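Number of protein chains: 4
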Amino acid sequence: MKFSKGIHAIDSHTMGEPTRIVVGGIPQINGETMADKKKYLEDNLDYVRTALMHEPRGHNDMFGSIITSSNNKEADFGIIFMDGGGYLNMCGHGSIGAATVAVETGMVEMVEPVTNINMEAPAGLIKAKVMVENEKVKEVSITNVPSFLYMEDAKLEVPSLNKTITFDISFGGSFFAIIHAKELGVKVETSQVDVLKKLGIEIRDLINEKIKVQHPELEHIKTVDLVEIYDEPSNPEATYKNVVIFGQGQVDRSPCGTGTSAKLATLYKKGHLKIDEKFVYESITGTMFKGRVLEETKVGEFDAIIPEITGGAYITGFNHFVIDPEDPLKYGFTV
Amino acid sequence: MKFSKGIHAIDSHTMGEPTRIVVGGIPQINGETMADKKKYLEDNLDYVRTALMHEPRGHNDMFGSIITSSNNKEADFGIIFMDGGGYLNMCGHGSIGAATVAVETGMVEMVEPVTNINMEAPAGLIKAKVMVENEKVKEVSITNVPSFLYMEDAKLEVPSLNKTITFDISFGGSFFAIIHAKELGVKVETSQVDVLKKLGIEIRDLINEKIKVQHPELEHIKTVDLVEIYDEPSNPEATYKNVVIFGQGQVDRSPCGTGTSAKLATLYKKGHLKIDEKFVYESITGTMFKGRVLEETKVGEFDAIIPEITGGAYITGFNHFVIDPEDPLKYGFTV
Amino acid sequence: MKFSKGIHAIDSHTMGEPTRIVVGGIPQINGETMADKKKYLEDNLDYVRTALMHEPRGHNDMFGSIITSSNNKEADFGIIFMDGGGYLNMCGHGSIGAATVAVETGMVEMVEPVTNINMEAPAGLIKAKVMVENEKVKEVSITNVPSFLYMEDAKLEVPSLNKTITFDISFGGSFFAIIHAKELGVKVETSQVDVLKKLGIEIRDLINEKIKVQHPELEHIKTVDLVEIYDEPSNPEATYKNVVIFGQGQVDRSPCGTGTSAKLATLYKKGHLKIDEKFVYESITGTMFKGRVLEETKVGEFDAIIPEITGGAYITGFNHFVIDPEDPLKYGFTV
Amino acid sequence: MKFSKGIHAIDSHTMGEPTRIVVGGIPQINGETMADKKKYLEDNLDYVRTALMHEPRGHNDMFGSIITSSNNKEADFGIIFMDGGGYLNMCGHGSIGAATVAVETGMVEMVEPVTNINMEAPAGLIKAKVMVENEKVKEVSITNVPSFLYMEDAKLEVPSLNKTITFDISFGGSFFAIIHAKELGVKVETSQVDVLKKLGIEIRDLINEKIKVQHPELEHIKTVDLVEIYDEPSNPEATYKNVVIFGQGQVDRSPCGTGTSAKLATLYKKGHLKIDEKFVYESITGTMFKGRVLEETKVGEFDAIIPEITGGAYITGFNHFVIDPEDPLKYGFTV
Ligand SMILES: O=C([O-])c1ccc[nH]1
Ligand SMILES: O=C([O-])c1ccc[nH]1
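Residue numbers (my numbering), protein chains in the order written: chain A, 1013 to 1347; chain B, 1013 to 1347; chain C, 1013 to 1347; chain D, 1013 to 1347.
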């Protein structure tokens, strides 16, 4: 058996959304800042992303992260989020899995009450309170980048079909479009996952074509990579169901940590939330994250908030991914 | 890290369609015959299938197989095909993967012109000619179960939409419905993969409600588990594009071996194919299989054929698939 | 990367003495009875034994076991013991290792109070009582082949040096040469391990040359493959320290199992033990086994006993062992 | 299954002498310089070394290296040798292993004529020319620290037995005590490996007690951690047989790399070698290295040489090493 290249990685799941965490396939990535490290990857080893996020090794949806050398102070190691599309600037389910697994494997040397983990992440730092119940990780409270309301509703226009009106956009690590499922008239359920998909991505794009997308700091992002559609929850707990469309038409199985932290900055600046006050966000599956607002913060030029998301991940296998250099799909394909 | 259970299994890929080959999770499966080993599994360890085929470990589509102690004469080891749906009686892409990887890992001590592998399978035996080019596996000619035309056009009736007419059915390890893409007016392409998927499974069901499905021997099958839609290829090589829908609404990335070994028996009995005479089947991807008729044979009560399917697989990972017994999805979910 | 072959195996350790258990690197081995499997191996795939037990993948000492398809009734799977030297007919630390790991990995589904495991082995059957503490394997009570006192002392003659006298020989799966460390004047300790080693294998040999070695039943063993030297323990618990020399001049880091089961018979028939009554055996490391006599039995011609040995193993790694066909030592070497 | 920590590491062998290369069990180790890393390890995670290099996982002899983050310029990654004893400051077998595998696995993207690798190491930098035969790694020319003749013969005194005279000492990364096998009267063979072992360490020690051991530069080594014994080769090729004793009484299955780079400096400065001119060194196994002198250099105070050692490693298995926290020998033991 010829192979050439051999990638080691840990398959987790945070609330059903898969994270595949890379470990040993490369010993070294320079980058410098954790946005530079991401750019390096993208413009150099995209072939690793595609190979592992696409078929045949992965699938549409499917999601993963690289565990780096940090460079940074305070932060243990550094995280680069990747997907079937590209490289997400920030990801809650990801952050969760990463941390869960770091401790689990004992890459971190675990502390009993809780374990604090400071990770890099392309967009600012992140900290994860990792509850451990003597023996196990019980769950994880990640505290996120400054999230905020961006552009108050704003008119939308959707060619297919009708050309509707109101919807809000907000940051939370990336830029989410938050639109209500009544607004376009979708049922945030298994039924329509694909119509949701094509609806989401079609909005994302024609939103990305003709808008002002900009962070008044970090000055790189300037994109609406994400579409959150939400509606009343058919679970008793949780304040809403959301589904989150992203990366070349994929859909999150979790409520999307970055999507909840964004949504929390677009309550609050609305009134319907006070600092703390348990938020719970329902996904499109039957799974739920325990969000809440922590503090106030005016980012660069306009008011904002720093929110705390609280999920939990499980280990679902170890891989030695390999590529037979004959395999004419050795760097993977889509559909 | 607590884990309780630990499954060893090699990811492969025949022509795009994944085959996840199980190796070392269990050291015993009694069954007896390779239909009695499939029942055992079905009724007992189904938890294995679901866990591996279904998220978060696998996906909708996705496919695999258990390498088993043989019992049988001639045959080396014994195969059991499993899928997002259930336990396919026979599968080419799988038999290909299973052979490729048996040799490639040196479970089979490789012979240099070609290696002959006799595998069990739920429906009859199968022999793989394995072409090895000093070092590597170059490709695989699998010679399939007796295929044959079964019924002939016959009544159709599709509620959504219109209620059309002609279409054929035939056996090639499993019972295929072979209906032209003009017949229901679908384009066998990426575009519509999903409408094809819901179309396929709806026909497969309402066809299985009101028909005569029966193999005159083996006397267990009696089902139309599969829907082959075909049309003129938009690849210069290959006689037709086919797309195969099966198991709980999933689609084969390959042309389907059993689908091609079926569709060969329902030419020939048609005139448009002489014994030998290269058939090439284009999948729904861009991939192709080199099929061709080998010999004549009347099965039990009616005339038939024994076809040869020729493809090729690649290794794409080694896994220690583990279940955290805290992982509430530890046996996996659908959508 | 280029490898041809790829063995799966799990590294354990039973009271320090390593047991490497083989899993996935073959799906079949015919043999028939768990002596005819051992002969098949010995006289066909010795190149597995040497490759794993010898350098550069194993070492002097080192020990391992093959998990097989059973064939037999009652018995789950089947075990084949192998060492630097050859294939050991029965081993306690092996049987322990094998059982602990079977359950732990979930190749056996675990039963809560205890799990019973019936394993084949090249000398009879063996049953392991697997104590599981809700979650974990606590330890293991293996119940062992009819042990007995064979040949009352008998004179030894040792060239280097002097030429001494008394020492006894027994059976407990294999034939043990029990001799007191005061008899040859050795200190069963770290200090002299190697003089013990060479003293042992010289006795074993020149004993094997000029004696009557015979089991009245099974009629294949007829060998003294083992040398047990014992003295007053410098651990408070345990009735003695023993060290066990075997297979091409290696030494057992555990008290040995088969060696303890042997020695128990040759108390008892001595008067210094009553059915039950805790025996504890100290190794040549600081590690201990909990042995005790279960019931009487006169084997074929002469009186005997059936003993129980109690220990506990730990997992120390997972291996995808591979052989680069260019690696001139692919099948390994000794010194 | 329950496991505290999970270490990814690749087993190799350079000319029979094992090198176990760590990969993924950690993502970080601060240190700073590839000495200050080695110290950090030595005075913090000596529980890694001992676990892996000692039983039950490793053995007496046995050896392995850590692949690090570099910090340094030019150099890809960084290397930390480790052995049954401590942490070798430089080692040929290692630097070879480490390079062979880095390319072979595709951690380095391979260049066809030869790949150049710059690795850190505790003692300076090293560069490896890695010869790749289109597909494979054929062999590896590592260029080594300025070697030299230190102290002309000097009288030894050996208590067991007689008390002999002449023997030289040199540097090649570490300080080698080169003495002829006629000098003490030992046959550098299998027969006496253990008398050689105990002779070596006893010399190494009583040499370290009463001598002047000093590098004029780097100012941290000041030790004779190595004992080379050499004699006429009973292999046609190779100028001499040497066996190399080090680290807590272990023996080197290769000729030693550092031990050859040393010995080369103490020919040459002797007149029996001209710049280039193939030197070949035989090991205490039948195995050889292709050494030669590259260029002159007077280190700090006294004359010297920079040599080039040429060998070739092979992968022998992939490990997920795991420690059951119950495993009382979790951190491993000696004898
Ligand atoms: O889980 C999340 O935070 C996420 C990021 C992108 C989609 N979901
Ligand atoms: O290629 C095949 O054999 C197959 C079976 C089911 C789907 N494809």
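Here a beta-carbon is modelled for each residue, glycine too, at the ideal position from N, C-alpha and C.
Between the stretch 1120-1132 of chain A and the stretch 1098-1106 of chain A, do at least 3 Cβ pairs fall closer than 8 angstroms? no
With a threshold of 7 angstroms (Cβ to nearest heavy atom), would A/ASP1073 be considered close to ligand 1? The residue you call residue 1073 of chain A lines up with position 61 of the first sequence. Answer for A/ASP1073: no, Cβ out of range of ligand 1.
is_contact[B/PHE1345, chain A] using C-beta, thresh 8 angstroms: Reading the second sequence from its first residue, position 333 is the one you call residue 1345 of chain B. Answer yes: the Cβ-Cβ gap between B/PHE1345 and chain A drops below 8 angstroms somewhere.
Got a sec: which bits of the stretch 1062-1079 of chain A sit with their beta carbon under 7 angstroms from any beta carbon on chain B, in order along the chain? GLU1067, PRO1068, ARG1069, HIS1071
Using the Cβ count rule (16 or more neighbours within 10 Å means buried), how would you classify D/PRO1228? The residue labelled residue 1228 of chain D in the question sits at position 216 within the fourth sequence. D/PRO1228 is exposed by the Cβ-count criterion.
For D/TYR1162 and D/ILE1181, I'd like the C-alpha separation in whole angstroms. If you number the fourth sequence from 1, residue 1162 of chain D lands on position 150. If you number the fourth sequence from 1, residue 1181 of chain D lands on position 169. Rounded to the nearest angstrom, the two C-alpha atoms are 6 angstroms apart.
At a threshold of 7 angstroms, does B/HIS1025 count as lining ligand 3 (C-beta to nearest heavy atom)? In terms of ligand content, the structure shown lacks ligand 3 and carries ligand 1 and ligand 2 instead.
In this structure, does DSSP put B/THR1270 in helix, strand or coil? Locating residue 1270 of chain B in the second sequence gives position 258, counting from the first residue. The answer is helix: DSSP assigns B/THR1270 an H, G or I state.
In the DSSP output, what is B/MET1300 paired with across the bridge? Along the second sequence, read from residue 1 onward, the residue named residue 1300 of chain B stands at position 288. For B/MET1300, which the question treats as bridged, DSSP gives the partners B/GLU1294.
Flag this pair as yes or no: are the beta carbons of A/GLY1104 and A/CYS1268 separated by less than 8 angstroms? On the first sequence, residue 1104 of chain A is found 92 positions in, with the first residue counted as 1. On the first sequence, residue 1268 of chain A is found 256 positions in, with the first residue counted as 1. Contact flag set, yes.
When the cut-off is 8 angstroms and only beta carbons count, does C/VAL1200 lie next to chain D? The sequence position of residue 1200 of chain C within the third sequence is 188, counting from 1. Answer no: the Cβ-Cβ gap between C/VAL1200 and chain D never drops below 8 angstroms.
Below 8 angstroms on C-beta distance, what does A/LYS1017 contact in chain D? One-based indexing of the first sequence puts residue 1017 of chain A at position 5. Result: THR1117, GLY1118.
Threshold first: 3 residues or longer. Then list the beta strand (DSSP E) segments lying entirely within the stretch 1121-1195 of chain D, N to C. 1127-1131, 1138-1145, 1148-1155, 1160-1162, 1181-1183
Residue range of the alpha helix (DSSP H) that includes D/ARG1032: Counted from its first residue, the fourth sequence places residue 1032 of chain D at position 20. Here D/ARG1032 belongs to no alpha helix (DSSP H); instead the beta strand (DSSP E) covers 1029-1034.
So is the beta-carbon of B/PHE1258 under 7 angstroms away from any non-hydrogen atom of ligand 2? Position 246 of the second sequence, counted from the start, is the residue given in the question as residue 1258 of chain B. It does: the Cβ of B/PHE1258 is within 7 angstroms (strictly closer) of some heavy atom of ligand 2.
Anything in the stretch 1020-1043 of chain B with a Cβ closer than 7 angstroms to a Cβ of chain A? List those residues in chain order, please. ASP1023, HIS1025, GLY1028, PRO1030
State the Cα-Cα distance for the pair D/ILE1327 and D/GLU1147, rounded to the nearest angstrom. Residue 1327 of chain D sits at position 315 when you count from the first residue of the fourth sequence. Residue 1147 of chain D sits at position 135 when you count from the first residue of the fourth sequence. Straight-line Cα distance between these residues: approximately 15 angstroms.
Within 8 angstroms (strictly less), CB to CB, does D/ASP1339 reach chain A? By 1-based counting over the fourth sequence, the position of residue 1339 of chain D is 327. By this cut-off, D/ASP1339 is not an interface position.
What are the start and end residues of each continuous alpha helix (DSSP H) run of 4 or more residues lying completely inside the stretch 1039-1113 of chain C, in chain order? 1048-1054, 1058-1065
Could you tell me which chain B residues have their CB closer than 8 angstroms to the CB of C/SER1107, listed as they occur along the chain? Position 95 of the third sequence, counted from the start, is the residue given in the question as residue 1107 of chain C. Those within 8 angstroms of C/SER1107 in chain B number zero; the least Cβ separation is about 15 angstroms.
Contact criterion: CB-CB distance below 8 angstroms. Does D/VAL1256 meet it with respect to chain C? For the purposes of this step, residue 1256 of chain D is taken as the residue at position 244 of the fourth sequence. For D/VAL1256, the answer is no, since every Cβ of chain C falls outside 8 angstroms of its Cβ.
8 angstroms Cβ cutoff met for D/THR1080 and D/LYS1051: Here the question's residue 1080 of chain D lines up with position 68 in the fourth sequence. Here the question's residue 1051 of chain D lines up with position 39 in the fourth sequence. Contact: no.
Under 8 angstroms, Cβ to Cβ, is there at least one residue of chain B near A/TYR1280? If you number the first sequence from 1, residue 1280 of chain A lands on position 268. Taking Cβ atoms only, chain B never reaches closer than 8 angstroms to A/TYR1280, which makes this a no.
Near-chain C residues of the stretch 1240-1272 of chain D - C-beta to any C-beta below 9 angstroms: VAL1263, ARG1265
Since A/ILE1317 contacts A/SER1203 with CB under 8 angstroms, what's their CB separation in whole angstroms? Here residue 1317 of chain A refers to the residue found at position 305 when the first sequence is read from its first residue. Here residue 1203 of chain A refers to the residue found at position 191 when the first sequence is read from its first residue. Rounded, the Cβ-Cβ distance is 34 angstroms, inconsistent with contact.
In terms of residues, what are the limits of the beta strand (DSSP E) holding C/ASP1217? Sequence index remark: in the third sequence, residue 1217 of chain C carries index 205 (1-based). That residue, C/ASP1217, is in no beta strand (DSSP E); its alpha helix (DSSP H) goes 1205-1221.
Test: A/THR1328 CB closer than 8 angstroms to a CB of chain B: Residue 1328 of chain A sits at position 316 when you count from the first residue of the first sequence. Yes, A/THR1328 counts as interfacial toward chain B.
C-alpha distance - A/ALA1111 paired with B/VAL1035, whole-angstrom precision: Sequence index remark: in the first sequence, residue 1111 of chain A carries index 99 (1-based). Sequence index remark: in the second sequence, residue 1035 of chain B carries index 23 (1-based). Looking at the two C-alpha atoms, the distance is approximately 31 angstroms.
Restricting to Cα atoms, I'd like to know which of C/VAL1123, C/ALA1135, C/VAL1157 is closest to C/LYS1141. Within the third sequence, numbered from 1, the residue matching residue 1141 of chain C stands at position 129. Answer by Cα proximity: C/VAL1123.
Going by DSSP, what residue range makes up the beta strand (DSSP E) through B/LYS1253? One-based indexing of the second sequence puts residue 1253 of chain B at position 241. Counting along the chain, the beta strand (DSSP E) containing B/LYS1253 begins and ends at 1252-1258.
If you draw a straight line from the alpha carbon of A/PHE1258 to that of A/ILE1191, how long is it in whole angstroms? Translated into positions along the first sequence, residue 1258 of chain A becomes position 246. Translated into positions along the first sequence, residue 1191 of chain A becomes position 179. The alpha-carbon atoms of A/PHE1258 and A/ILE1191 are separated by roughly 14 angstroms.
Three-pair Cβ contact test at 8 angstroms for the stretch 1268-1285 of chain B versus the stretch 1218-1225 of chain B: no
Between A/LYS1148 and chain B, is there a C-beta pair that is closer than 8 angstroms? Indexing the first sequence from 1 puts residue 1148 of chain A at position 136. Taking Cβ atoms only, chain B reaches closer than 8 angstroms to A/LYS1148, which makes this a yes.
Sorted by chain position, which residues of the same chain lie with C-beta nearer than 7 angstroms to B/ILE1219's C-beta, five sequence neighbours on each side aside? The residue labelled residue 1219 of chain B in the question sits at position 207 within the second sequence. Around B/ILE1219: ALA1189, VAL1236.
Given B/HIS1332, which residues of its chain have a CB within under 7 angstroms of its CB, disregarding the five upstream and five downstream residues? As a first step, residue 1332 of chain B is located in the second sequence; it is residue number 320 there, counting from the start. If we look at B/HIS1332 and ignore the five residues flanking it on each side, its Cβ neighbours are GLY1018, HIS1020.
Determine the chain C residues that contact A/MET1013 at a beta-carbon separation under 8 angstroms, and present them in chain order. The residue you call residue 1013 of chain A lines up with position 1 of the first sequence. Going along chain C in sequence order, the residues near A/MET1013 (Cβ under 8 angstroms) are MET1013, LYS1014, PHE1015, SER1016, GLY1018.
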